[PDB]
Every structure is written in structure tokens, then in C-alpha cells.
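Chains as they are written, first to last, in this note's numbering: chain A, -8 to 665; chain B, -8 to 665.
Even for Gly, the Cβ is constructed at its ideal location relative to N, Cα and C.
Reading through the C-alpha cells given below for one structure.
2 protein chains.
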Amino acid sequence: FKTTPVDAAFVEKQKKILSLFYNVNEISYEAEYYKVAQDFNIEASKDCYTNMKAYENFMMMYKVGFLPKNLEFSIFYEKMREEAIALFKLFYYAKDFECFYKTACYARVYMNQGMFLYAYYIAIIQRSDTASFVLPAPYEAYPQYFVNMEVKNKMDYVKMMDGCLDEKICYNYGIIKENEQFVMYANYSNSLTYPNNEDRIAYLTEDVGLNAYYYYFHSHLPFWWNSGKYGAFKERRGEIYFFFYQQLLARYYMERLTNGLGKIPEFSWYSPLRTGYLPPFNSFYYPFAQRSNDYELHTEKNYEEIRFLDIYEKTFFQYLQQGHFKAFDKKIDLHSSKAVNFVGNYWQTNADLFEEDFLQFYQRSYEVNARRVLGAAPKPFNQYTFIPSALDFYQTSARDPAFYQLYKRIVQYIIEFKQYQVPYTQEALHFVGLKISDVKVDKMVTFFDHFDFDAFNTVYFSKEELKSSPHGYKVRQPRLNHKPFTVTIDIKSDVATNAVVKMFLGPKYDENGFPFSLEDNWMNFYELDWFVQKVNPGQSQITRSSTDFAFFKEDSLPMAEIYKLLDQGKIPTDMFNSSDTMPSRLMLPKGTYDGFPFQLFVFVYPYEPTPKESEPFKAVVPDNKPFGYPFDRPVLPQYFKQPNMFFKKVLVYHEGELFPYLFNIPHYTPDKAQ
Amino acid sequence: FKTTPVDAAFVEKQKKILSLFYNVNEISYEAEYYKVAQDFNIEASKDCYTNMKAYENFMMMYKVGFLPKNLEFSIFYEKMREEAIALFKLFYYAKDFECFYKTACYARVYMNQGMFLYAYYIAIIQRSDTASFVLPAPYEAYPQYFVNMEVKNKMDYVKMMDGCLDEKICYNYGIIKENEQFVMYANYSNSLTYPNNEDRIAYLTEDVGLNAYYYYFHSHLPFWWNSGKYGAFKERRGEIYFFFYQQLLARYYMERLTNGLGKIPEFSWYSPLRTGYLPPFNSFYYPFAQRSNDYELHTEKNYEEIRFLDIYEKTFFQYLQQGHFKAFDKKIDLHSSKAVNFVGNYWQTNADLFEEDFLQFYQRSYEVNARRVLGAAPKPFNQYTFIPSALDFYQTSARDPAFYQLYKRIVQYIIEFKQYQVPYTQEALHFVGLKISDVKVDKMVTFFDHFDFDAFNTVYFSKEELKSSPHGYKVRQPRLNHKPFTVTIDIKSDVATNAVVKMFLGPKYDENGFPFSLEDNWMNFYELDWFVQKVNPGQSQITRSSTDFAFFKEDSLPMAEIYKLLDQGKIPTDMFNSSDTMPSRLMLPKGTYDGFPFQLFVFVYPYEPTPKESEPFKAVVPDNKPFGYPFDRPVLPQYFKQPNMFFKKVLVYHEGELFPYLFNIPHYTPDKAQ
Ligand SMILES: *[C@@H]1O[C@H](CO)[C@@H](O[C@@H]2O[C@H](CO)[C@@H](O[C@@H]3O[C@H](CO[C@H]4O[C@H](CO)[C@@H](O)[C@H](O)[C@@H]4O)[C@@H](O)[C@H](O[C@H]4O[C@H](CO)[C@@H](O)[C@H](O)[C@@H]4O)[C@@H]3O)[C@H](O)[C@H]2NC(C)=O)[C@H](O)[C@H]1NC(C)=O
Ligand SMILES: *[C@@H]1O[C@H](CO)[C@@H](O[C@@H]2O[C@H](CO)[C@@H](O[C@@H]3O[C@H](CO[C@H]4O[C@H](CO)[C@@H](O)[C@H](O)[C@@H]4O)[C@@H](O)[C@H](O[C@H]4O[C@H](CO)[C@@H](O)[C@H](O)[C@@H]4O)[C@@H]3O)[C@H](O)[C@H]2NC(C)=O)[C@H](O)[C@H]1NC(C)=O
Ligand SMILES: *[C@@H]1O[C@H](CO)[C@@H](O[C@@H]2O[C@H](CO)[C@@H](O[C@@H]3O[C@H](CO[C@H]4O[C@H](CO)[C@@H](O)[C@H](O)[C@@H]4O)[C@@H](O)[C@H](O[C@H]4O[C@H](CO)[C@@H](O)[C@H](O)[C@@H]4O)[C@@H]3O)[C@H](O)[C@H]2NC(C)=O)[C@H](O)[C@H]1NC(C)=O
Ligand SMILES: *[C@@H]1O[C@H](CO)[C@@H](O[C@@H]2O[C@H](CO)[C@@H](O[C@@H]3O[C@H](CO[C@H]4O[C@H](CO)[C@@H](O)[C@H](O)[C@@H]4O)[C@@H](O)[C@H](O[C@H]4O[C@H](CO)[C@@H](O)[C@H](O)[C@@H]4O)[C@@H]3O)[C@H](O)[C@H]2NC(C)=O)[C@H](O)[C@H]1NC(C)=O
Ligand code: NA
Ligand code: NA
Ligand code: NA
Ligand code: NA
């Protein structure tokens, strides 16, 4: 519930930014943004931009025309990408906030909804003056991607009937009036959307924050954008790539573990993919593409793409087999520091992997092609109209099990390369004159909580209604969550030093009930937190609350609540400092009444600062150390018995109901955690 | 039956070497090796070794621990390889025989049986002072890999009953007392181990000497060992590789021919392998992995390895398509001399293919991966416990038909490259003023013979029994064999010269009854012999006895007989000079009563000496000429009608029984050859 103060100039500018997220699916002919848009003469505005070549480029594509309103926009299709990147460059190179805003009002009014939102979200995140301003949560901007079609439909019907037929009847269908607004209860999906064991974890993969999280990841550093803005970070880009996915997959594999699901399965482009998924969405023209269980990847429609994909991976194998090779106009050694970066950019086909300021249409991307084949859609009708899968959007990608299958496949390939890195030696890890004597944690408890957000942006309003910037329509759904807990660390030091304290969470046992060995477990640990303590000689005890963990955040406030906070000169400080991290809700994987066993790994090493990175991301240790150190590479497990290391077995309990559905039953009062 | 004299210092040193092969599966707490081992302080012995880095390396791995006793050891698994190579380096760098021996007694006592044997066999072969000493035959050191499980079991039972229930009853089960020792008759395998036509040739592929032969090949020059020891041989290593397999496959294809079996079949990693095999073995934990007929190679478990294997071969295709290319930090032309070497090292993934003194864990090997996929086992439990196939050991590899399928696939690939070599011209092959006028051979007759060896090393003895170094337990099995024959060569020379005389054996007809043409037959010929004659002008006749053929040897003597020979200051001179060649038994493929037709090819060319190679192997012609010249590459068959060449059609007859089983029937006296 934490805030940050803000003056009137901010408030007024902020409000201007947010005003464009109102009733995104329509136009209020009475809005201020509409007057600005009408007043804006795009052909006479060359002087609004600091880059005339970008403006000229836009005006050219614009003279021929863009993606029409009402078609689905996706970053994964070439022409739409060029157009969206072009729009973004105008947003970005606008000289001023006033020029930025006029341009944004223009695009808001005259361009495809999805395109505009896409570029506007990114621009705000990216523009120097505009960063430090808050954005509505991805699910409040794009409800259509965060709301399964049962509810979305009920919403259509409720709006068409301007309320309920008879209030008791739609109490039974989970629809409520609460404070002049509607609330629809929403369950997670059937086996008619997840038609296999994967359904056990719908509550994770359909989770709105998880999905938001991935969308924020993309938006902070789009594959198509070079690193110029982040200077010295350019060097660490590929390294992020690995860390982001490795880390995400670890979090995901933990959920599997507590639902008895075991290892994410391998697959092949020459065989059928066992595990299907039926996205519960529809676009303007099309229901989303369904991928049934045992879907044949290898058919006529996909042959040429499979040829592409196969060689793409096999050339990585050739790079591993040589060790030094000239590739992409560089001479690159895989014992080199620069290697980690290369690898990452190679798999993502970055703008950085090439010359490029902005990615050339013609540089074929393994991720792009992978998502087309796994999405299982029919081939696009023309280049403005394609049949959407979940893999077509960062908002929806984490929903399809095939997503984790793809990125696990990538991560394994990079781990294959990671054999070329030099495993940390003993004195390397050994912190001289520093020992952790004990670690102690509070009770770790997961549980479920209803959570609300306003889905009004996917609901339609009348000419009259739009004047009021109407937003009646809320989705209440049980989401994972845990109680706050503290870790206390007992330390003995010879000397006063400065130390970094990192603590990770990972698995304890196989699916066979065997202890994981570190040589096989290191990729399965995810970072919870890091910080810097001045450490005194003698015995000390460091306490750390789950509330202060570096890698997690509070939920976003609805746009309504943001405005209510501006009215009293404030902003939600997590939405401010760190919108791009995992929600704290999802910090722990769902536990059991037993207590599910995991290891908390605590690690203390010497703090040796470097000049602050200017960061596209999660502020990471002001260190020359890698991301996710010391788990950034294969280990020699002997070297992990150091006195400044501590593995502590920890059990995650659960409380109240065991399944989200038990919360959305009309007339049943659930067991709520206390 | 030929020997070599030896003094008392040799005898005493020899005996010390052999003492460690007694009751390998246990420890005699009363043995001398046990006292030496107890007395040996490994941590205080840094001064026993000429390479302190190797000692430090060992002591490090040793401080963390090795493969425990009773697990199966295999060179094909990473950690076990590192440990075994480390042990070997200690054996190798021991400064002295006394240091070598103390170290060997230590490992004998405290380390895994298989590991120790592996490294000790190799060390002895490799150490300067210790070469020129004799080693027990691989099948007497590792009976477990040379004895099918019917017999192995009967042996267990016989030891448990301390003899036979009733002597007549186990005469019926083929068990005999002969001179206070046991003899078990052993048949070759059913179709419940070879479940297809491949069974026709079990008598070849289960043959103990053939298998020994391959094990000796490995042990003389391990893939993981650089060539430093053999100096200028380093240059010819890849060339051996081809010659060894090409040659072996020729010998194998001849057996096929006389059993009406035809060409070794091709296969694909994307398809099922037709031809299964059920290894008749079990380890401590596991029965060996079975590969049924029509086993699907392409499944989830094997996908990622298939990706590896496929690109591994396809990059060889790219090297063929370019002709000059930078690869492995060399610039390599396939018209170059160095090419043949490269090719070989590429397919075997040698230590030489890289920088390496000793092979790095992380350099993935096509042979290693091939054997895992074709072995069809479940994936290893942890890295000290895997489920063995026949392809896991050089002792057992030649038993699995898939072995010949793999290496034929390799050999074909190199033959594909061999198009880049320049075919021998006419004057190149033409020996001026030298003509073979006639060739004449004695009758070539194969037949079967019982053969004995002591399998005691896979049988367990009591605390008391071990004191006597007990060895009761023998396996008598019919093995292929031929009668000695002589070739006489009629020569006419203008001049006195020195000539090399080479003679090869190969096929006459297709499976279709058509004469093979040389363009297609050259890879199917195997070298029988080469030598150097001073040739006088005028007419001469050279005789050569099958007994003196350069490429074949007498059987090994049992360890008992070795000791009985030392007692009178001698050693078996074949076990001395040439333990690493094919047994003479297997010189000819099994004939028929008809006479089976083959060609003997006789070739005489000018002897032009070069400084003697210091040889890891079969002393080959002291020539600048290739291995297996003039059949080292594709031919132009015109150029093979020279006067110093002679192709002679030759028929191999058989005598006595036609099948080995007819020899192991109780109360049936077989037709024995005379
Ligand atoms: C039933 O299905 C049919 C076929 O799919 C649809 O017919 C298409 O209708 C769309 C309009 O919705 C057409 O696309 C638009 O029409 C014009 C095309 O002009 C043609 O002729 C000019 C020369 O005058 C050429 O330059 C051009 O190549 C075309 O061949 C354009 O005027 C339109 O441009 C407008 O919209 C764009 C964005 O789309 C803006 O950028 C512009 O400013 C402008 O406002 C647009 O291109 C399309 O041509 C039709 N297809 C075919 C094959 O004829 C029906 O719409 C559909 N019916 C229903 C009820 O869905
Ligand atoms: C999220 O998903 C969950 C899980 O599927 C849904 O929960 C189901 O919800 C429905 C309500 O929508 C439940 O159905 C109701 O069952 C009640 C309990 O009945 C018991 O006793 C009756 C006799 O009263 C027996 O017949 C029955 O076998 C049980 O023993 C009933 O009292 C309800 O009565 C209704 O019946 C008829 C329809 O046949 C109506 O016309 C009546 O007017 C009356 O409303 C009703 O049938 C069901 O139990 C729940 N399932 C589970 C597994 O718990 C949530 O609804 C869903 N939430 C959202 C928002 O989708
Ligand atoms: C039933 O199946 C179970 C599970 O597979 C088997 O249990 C395993 O038993 C083996 C022993 O046979 C265990 O391995 C050994 O145990 C010790 C492991 O110590 C643990 O704790 C220390 C800290 O004290 C850690 O360092 C370490 O990571 C371990 O977690 C070691 O002391 C042993 O070392 C000894 O042998 C090695 C070679 O193995 C020598 O090099 C050493 O000098 C020393 O003598 C060894 O590592 C194994 O831990 C057990 N597995 C599990 C999962 O617990 C049962 O044996 C089996 N029962 C039967 C009848 O087969
Ligand atoms: C290597 O593999 C070969 C080939 O399989 C084995 O050879 C077989 O060996 C068994 C002996 O172990 C043979 O079985 C014996 O057959 C004899 C010949 O019998 C003929 O006459 C009898 C009447 O006397 C007829 O019934 C029969 O049809 C034949 O016409 C019998 O005299 C033997 O008598 C035994 O029978 C019973 C079991 O039913 C016992 O209880 C008796 O006490 C008595 O011993 C016996 O049945 C068989 O012929 C061989 N097969 C072949 C193809 O030749 C080798 O044994 C094997 N060697 C090893 C070491 O494994
Ligand atoms: Na499509
Ligand atoms: Na999955
Ligand atoms: Na295995
Ligand atoms: Na075969």
C-alpha cells in the first residue's frame, strides 16, 4: 500500500498520459484527445521531431496507409512490425512532451487500436521525460487478452441488457452489482481449453500478473530495438535473455513440482507435439487457432519453416563444435567474455546481433518462426489479417504450454554452450573471514485471494456514455498469494566489510523422491532477493522481510485508484520504481497442507562496486558479477560447501481452499486463510 | 607354440605385473599387493611422480571421491572418464617401476575394479619400461564380458555346490572335471539374443579373440590420449582409424558372404533400426539393455542426441562441398596430404583433433553419442550408474550388429571424401622390370576347434580359498580356425632390387553371382601380409607360409601357462612382440564343402625405406606408402592390370562339422578335421 509524492505539474501531465487508455476500443467525439487530434496537422509537423528521417519514413508509409482499425495487430508479422516501429520512432523522437502528446492523440484517433497501444506503451517506457510516469496495468489496457471468453461474453450480455434480467438469477451466474459497478467472478479454464494434465496449473499460466510480467519484459527491451539507449548495457543484453527465461522456467518448474507434474517435455520439428491447447479467445474475424493434442508439426504448411528452424539450431551446434569462428562480421570465441552476450542475441535474433539500429524485415528470426509453427494457425490471409494464437502476443504467450516448451529448448541450448565457461573455483567463491552460522525462516504459506480489475476496455459504450469515460465492468478472480515472512541470517565475521547478500529458492527432490544434486539443480533455482549490508566484525544477525525482496512487487492499482491518488498528489511507488518485476503474489509456488519441501539458498560475498548501470530493467547488483550469480553457469558442487553459503530446507504450506474454483461458487462461503 | 628367453629380473618383475590380475573381483587380505597398498601413503607420495600437476589433479578428485566399487565402469561416460584418465596419468608418470607398482597395488585395493583394470592395462601397454612385458588376455582379465550368461550362471551354481550334484547329470549339462579343474562347454547364442539372420554369424561376433582384438586396438591408442608418445606417428593417426575399421569391416563382410547374408544395411536417425540384439549380460544392478528389432531411434529420449549426430555428419558434407575451409584452428585442404589425418581424427573426435594433451569433458563426440542411441538403454540414473549395452565396452562392442552398422556408416563417409584423392597412375603402380608370372596356393581349409580359457575372475572364492590364488573354472568353446597353407609366387626380374611383397584377400562375386569390379571392390579386401625380399635378376620363386603372415598371431596362453613358462625363463613371443593383431584362427572366413570362391591379390613394388616409425601398432611397411596400399583409396581399374600384380581365384573349403554346436553335445563324438 506504499506511495510517493508528486506535484501538480506531474499530476496534470500524468493525467494526460492516462487519458488515452479510456475506452480504447472506441472514440469519444467529445474528448480532449479528439480535439488535439483534429487540430494536429501531421503533414505540417516535420518540426515536432528531432529526427527528420524517421518522420519522413512515417509520412511515407502513411501516404500508402497502415493497418486498418479492427484488425488484430501483432509484432510478429512483418509489415505491421515496420509500421509499429515507425509509429514508435515518431513517439520517441518527438522533441517535447507537447509534441509527443499531440502525436499520441493523433494515433489514438486515426490508427489501429492495437498498434497504437503497443507503441504508446513502449514510447512512454522508453522516452527520457516520460519514464518515471506510471502506466495502467497491461490487463486493464488489454482486457481482451486477460479475460477468458466465458466472462468476456457474460460482459457483452450484461452491457446489452444494461444490467441483469433478474438480480438473483445472475447472482447464480456469478454476476454482482457492487457500488454501482458490475463484478463478474471468473474461474480458470476447463480441460476444454487445457485438454491434458497441464490444466492442473491454469491458475499460474492464466494469471494476469504473470502475463503482464512477460509483456513488461518485452516492452522494456523489444527484440527489434537496439541497445543504444542503455549504453554499456548493450554488452550485457544476451546475458539478460538467458537470465530472464532460465529464471522464469525455474519458477514454472516449481509449480509443476507441487502439482505432481514433473519435467517440461522435449519435442521435435519432425514429430507430433503431444500437448495441445485451445486458446479461449477470439479476434474481430477469427476464433483463435486451436492446437489439439498430438498435433503434427511436420506437414506441408510447415515444411519450409521447419527447414529454417532446424538449421538455425544446428548451426548453433556447429558454433559449439568449432570454438572460434567468424560469424556476423565478428570473430568470436566462446571462452571470451563477449560470448554470453553473443549466444543470447543469436537465439533472440536481436537488432544487436546485426548492424541494426532497428531490425530489418528480411532477417529471419527463430522465435518468430517457432511461434508460427507451434501456434498451429492456418497461414495468414493477407499481411494485415492473420489467425491469432496465444503465441502471437506477449500478453498471452505464457498461457500456452508450448511457450515453456520452446524457451526451455532455447535455454537448454545455451546451457549446452555453458560447458565452454570456466566453473567457479574454490577461493573464487570463498569469502575470507565470513561464515553463515545459521539461517532461520518464518512460516512460508501460500493461499488464494480474490483480485479485481476493470475490464471496461473490452466492453462497448453509447455515444452518450462515452462522455463520462465509463468504466463499470470488473473481473474478480482468485489469484495465488502468500503471507509475508522473514528470513533471519546468523553471521560471524573477522572484519568489517561490505557484503552482498543473495538468497535463491529452488527444488529439494526429484519426482522420484531423490535429493537433486547441484550439478543438475543449478538452473532450477530462482533469485528471490539481493542486497548490500555493512557487516561488522563479530557475530551479527541480518533480518530480511519478504516485503523488501528485490525481485518482487505489489499489485498494480487500477487506473481509478491511480487517479484518486493523484487527486491528493501521490503515485503508487511500485508502479513508479519497478513495474517490470514479478508480482509478489507469485513469489512462492502453491504449497500443500503437508508443507512442500524446497531449498532456500543464502549466499554472502564481498561487495565490490562498479559505476552504476543505466538500466532497462530490474536494478541488479552494482557488480561486475553476472546476472544470477553464482548460479549463472554449471557448478562443481564441492566448491559449493563454503562457510558463506547456506542451503536450508524449507516447507511451503497452504491455507484455506486448495483450488481457486471453490471461491466462485454462488452461496458457498470458502475457507479463507487468516 | 613359439617362445623368447628372459632373465630372472624380468621374471620377478613380470610376476609382479601379473599378480594383480588374480581374483580381480575381490581382495586377498593375505596378498603381497595388499601389504604394499596398506603401506602406501598416497598423500605423502607426491615424490613418486614425474608430473606434479597430474598427481595434484588425482589427489583433488580423490579428496572428493571416485566411482565406488561394484558399479560398472565405462570409458564412455564423462566423470568416469576423467577419473580413469587421472588414475592412468598417475600410473604413467610414476618415476620408477617400484612407484608404478605401489600405485597399482593401491588402486587394485581401493578403487573400482573396472576402472583400475582399464587404466592398468593401458598403463602397462603405454609405459616405456613396462612395454615389452606380457599381459593376460582380455578375456581372462574380464571373463564377465566374454562369457554368455548361460555359462556364467552354470559357473555360479557349480561354485555354490562346490562341484556337481551328481557327476553324470552335469556331464549332461556340459560340465566336466578335468585335472582338478572345471570345464564348461559353451555354445554361441540363440535367436533369443540374435533375433534375426544375424545369428548365422554369432561364432564370429561373439568370438573371444575378435573382441579382444578390438579391446587391444582401443588400449594401444585411446581416443582420449594425444599422440605425443609416438611423435611422427601423430601425422598418421587418422589414417590408422580408417585402415582399422575398413579392414575389420572387410573381414566381417567376408563372413556375411559365406553365410549368404549380403551387404551390411544402411540406417537413419529419423527411422527405426531393423536389426535388434539382446546382449546376454548383466551388471551388478542391471541386466544389459535390449534393442528389439525395429527399434525406433527417433523418440523423445533420443531427440536432442539425434540433432547432434545429424549435424555432425552434415558438417562433414559441408567440408566436402567447400574444399578448403578453416576448421579447428587450421586451414585445411582436402587435396593436401594432412587431409587423410584430419578426416580420421574428425570422425573419432580424437584428443589430436583439438589442442588437447588429454580430451576435455566438454568436446562432444559423435562415436560416444552414436553408441548411446544405438545401445537403446534407458538414460543413466546418475553419473556413476548407467544401464550397460554391448556398445558400452570395447570388450563387447563387436557383438552388436549395430556396431558394424555404425562404423560402416563412418567408413562410407570417409570414402566419400576419398574422391578428393588422386587415383594412382599407371607408372605409379608399374614396377619396372618385374613381373609375377604365377601364383600358387596350398589348400585353404577352415574348421572348428575347442578352445579353453580360465574364467575364474568372474567367480567368487572364500576368505580361505583366495589365499591360494584359486583359478579352477574354464570355458571350452569351438572357435573358427584354418590349416596352415603356403603361397608360392613365381617372379621374373631384369635386375637385382629390393621389393615389398604384399598380399590381400577379398571377395570374388556379388550376392548375385556377378564378378565384383575393382572400382567397387577395393574396400572389401583385407591385408593378409607384407614383407621385404631381396630379388635377384632372372626367375625366382618366393614361398610364404600362412604361419609367417605379418597381420596375424597365435592364440594367447592362459596366465597359468605364462607362469609355467617363466619358471623356465621364457615368454610366449606373440604375446610379447604383437598382442594387438588379429588371431590367426580368424584369418579365413568360414568356408564350405564346395570351396567358397575369393580372390587373393598379390602385389610386388619397389622397397624404398624411411626412418623407422616408433609404432603404437602393427609394424607396417617401413615406407612412405599409406596403410593398406595400394587399396588405400579408389582405383582406376585399368591401372590394376600391371605385371607385378596378380589376382588369383582361390576357394576356401571347410572340414569336420559345419556348426559349432555339434561339438558341445554330450555323448556325441563330432567329425573333427584331420
Ligand atoms: C467482404 O469481403 C471483401 C473481400 O475481402 C471485402 O472487400 C474489401 O473491402 C475492403 C474495404 O473494407 C477493401 O480495402 C479498401 O478498399 C479500397 C481499395 O481500393 C482499390 O482500388 C484502388 C484504386 O482506387 C487501389 O489503390 C487499391 O489497390 C485497391 O484495389 C481502399 O480505398 C481502402 O483504403 C482505405 O482504408 C485504408 C486502410 O484499409 C486507409 O489506409 C485509407 O485511407 C482508406 O481509407 C482499403 O484499401 C478491399 O479492397 C476489398 N477487397 C477486395 C478483394 O476487393 C469486404 O469489405 C467484405 N465485406 C464485409 C461486409 O466484410
Ligand atoms: C466456478 O466453477 C465452479 C466449479 O465448477 C462452479 O461451481 C458449481 O456451481 C454450480 C452453481 O453455478 C453448482 O450448482 C448448484 O449446486 C447446488 C448444490 O446442490 C446439492 O444439493 C442438490 C439439491 O439442492 C443436489 O441436487 C445436488 O446433487 C447437490 O447435492 C444446488 O443447490 C444448485 O441448485 C440449482 O439447480 C438448478 C439447476 O439444475 C437451478 O435451476 C436452481 O434454480 C438452483 O440454482 C446448483 O445446481 C455446483 O455445485 C458447483 N460445482 C462444484 C464442483 O462445486 C462455479 O459456479 C463457477 N463460478 C463461476 C463464476 O463460473
Ligand atoms: C537403496 O537406495 C538408496 C538410494 O539410492 C541408497 O542410498 C544411497 O546410499 C549410498 C551408500 O551406498 C549413499 O552414497 C554414500 O553415502 C554418503 C553420502 O553422504 C551424504 O551426506 C554428506 C554429508 O555428510 C554429503 O557430502 C553427500 O553429498 C551425501 O548427501 C557418503 O558418505 C558415501 O561416501 C563413501 O563412498 C564413496 C564412494 O561412494 C567414497 O568415495 C567415500 O570415501 C565414502 O566411503 C557415499 O557418497 C547415497 O548417499 C544414498 N543415496 C541417497 C539418495 O540417500 C541405498 O544404498 C540403497 N540400499 C541398498 C540395500 O542398496
Ligand atoms: C549346445 O547346443 C546343442 C544344440 O542345441 C545342444 O545339443 C542338444 O543337447 C541335448 C542334450 O543336452 C540333446 O538332447 C538329448 O537327445 C538325445 C538323442 O535322442 C534321440 O533319441 C531319443 C530316444 O533316446 C528320442 O526321444 C529323440 O527324439 C532323439 O531321436 C537323448 O538321448 C537325450 O536323452 C535325455 O532325455 C531326457 C530329457 O527329456 C533326460 O531326462 C534323460 O535323462 C536323457 O539325458 C537328450 O534328450 C539334443 O539332441 C541336442 N540338440 C541338437 C540339435 O543336436 C548341446 O547340448 C549344447 N551344449 C551345451 C554345453 O549347452
Ligand atoms: Na494466420
Ligand atoms: Na509445458
Ligand atoms: Na544408462
Ligand atoms: Na550388422
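Residue environment, residue i, which counts as buried when at least 16 other CB atoms sit within 10 Å
i	result
residue 135 of chain B	buried
residue 356 of chain A	buried
residue 448 of chain A	buried
residue 341 of chain B	buried
residue 479 of chain B	exposed
C-beta contact flag for residue i and residue j at 7 Å
i	j	result
residue 221 of chain B	residue 602 of chain B	no
residue 343 of chain B	residue 228 of chain B	yes
residue 618 of chain A	residue 234 of chain A	yes
residue 483 of chain A	residue 530 of chain A	yes
residue 733 of chain B	residue 214 of chain B	No information on residue 733 of chain B is available, as it lies outside the stretch -8 to 665 that chain B covers here.
residue 445 of chain B	residue 141 of chain B	no
residue 655 of chain B	residue 200 of chain B	no
residue 441 of chain A	residue 633 of chain A	no
Proximal chain B residues relative to residue i, where beta-carbon distance stays under 8 Å
i	result
residue 261 of chain A	261 and 289
Contacts that residue i makes with chain B (C-beta to C-beta distance below 7 Å)
i	result
residue 411 of chain A	353
residue 309 of chain A	302 and 306
Minimum C-alpha distance to residue i - residue among the options
i	options	result
residue 358 of chain A	A/376, A/232, A/657 and A/346	A/232
residue 443 of chain A	A/450, A/431, A/465 and A/437	A/465
residue 643 of chain B	B/467, B/660, B/659 and B/437	B/437
residue 97 of chain A	A/124, A/27, A/318 and A/117	A/27
residue 307 of chain A	B/295, B/283 and B/179	B/295
residue 207 of chain B	B/128, B/639 and B/249	B/128
residue 636 of chain B	B/645, B/560, B/427 and B/107	B/427
residue 497 of chain A	A/508, A/489 and A/503	A/508
residue 549 of chain B	B/506, B/38 and B/462	B/462
residue 247 of chain B	B/502, B/568, B/613 and B/557	B/502
residue 456 of chain A	A/20, A/324, A/250 and A/74	A/20
residue 577 of chain A	A/546, A/589 and A/567	A/546
Under 8 Å from the C-beta of residue i: neighbouring residues of chain A
i	result
residue 295 of chain B	257 and 403
residue 318 of chain B	313
Contact set between residue i and chain A, taken where Cβ atoms lie within less than 7 Å
i	result
residue 55 of chain B	629
residue 587 of chain B	Those within 7 Å of residue 587 of chain B in chain A number zero; the least Cβ separation is about 44 Å.
Quiz item: For the region 364 to 382 of chain A against the region 62 to 82 of chain A, are there 3 or more C-beta pairs whose distance is under 8 Å?
Solution: yes
Quiz prompt | the region 497 to 512 of chain B contacting the region 530 to 547 of chain B, beta-carbon criterion three pairs below 8 Å | solution = no
Quiz item: Does the region 80 to 91 of chain B touch the region 105 to 114 of chain B, meaning 3 or more C-beta pairs lie closer than 8 Å?
Solution: yes
Practice problem: Determine contact between the region 559 to 567 of chain A and the region 518 to 532 of chain A, defined as no fewer than three beta-carbon pairs at a distance below 8 Å. | Solution: no
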